[PDB]
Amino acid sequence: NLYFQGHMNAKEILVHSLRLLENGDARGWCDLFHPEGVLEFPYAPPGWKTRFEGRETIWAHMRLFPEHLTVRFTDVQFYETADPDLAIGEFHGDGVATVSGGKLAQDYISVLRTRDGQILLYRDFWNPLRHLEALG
């Protein structure tokens, strides 16, 4: 089976993606995106760029992730969807922002749309107040 996989579904991709971030594997995380895949932050500090189109555009902005954040996530609680290519999950992250030393305690609801095991849209909701607390 791991040598004879069908394409990951959206639940599987979200869980795997979070492990990659825990590992600091920014390249592996970006690899999960379709070449035209999109990452969005609906809630973000003002002045930030909040939509990134294309896997390699995402990479251009992700390379140094492990040098900025170490993070651990709780188990994802999924809502049951009609389509396996849509996942909506809630989870919590605890980490340390490296440059400020600030603690990050973040609460997420992620909406992922996928196709053939690749991410088309990662819509990454989180609390911008908590993110600003970590950064300061």
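The numbering used is simple: start at 1 and walk along the sequence shown.
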- Check the entry's C-alpha temperature factors for 62-70 and 39-47, then say which stretch has the higher mean. 62-70
- Note on the structure: The stretch whose C-alpha atoms carry the larger average B-factor in the entry, 97-105 or 84-92, is 97-105
- Note on the structure: On the chain's distribution of Cα B-factors, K11 falls within the third called middle
- Message: Where does the C-alpha B-factor of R123 rank in its chain, lowest, middle or highest third?
- Response: lowest
- Within this chain, which third does the Cα B-factor at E56 fall in: lowest, middle or highest? middle
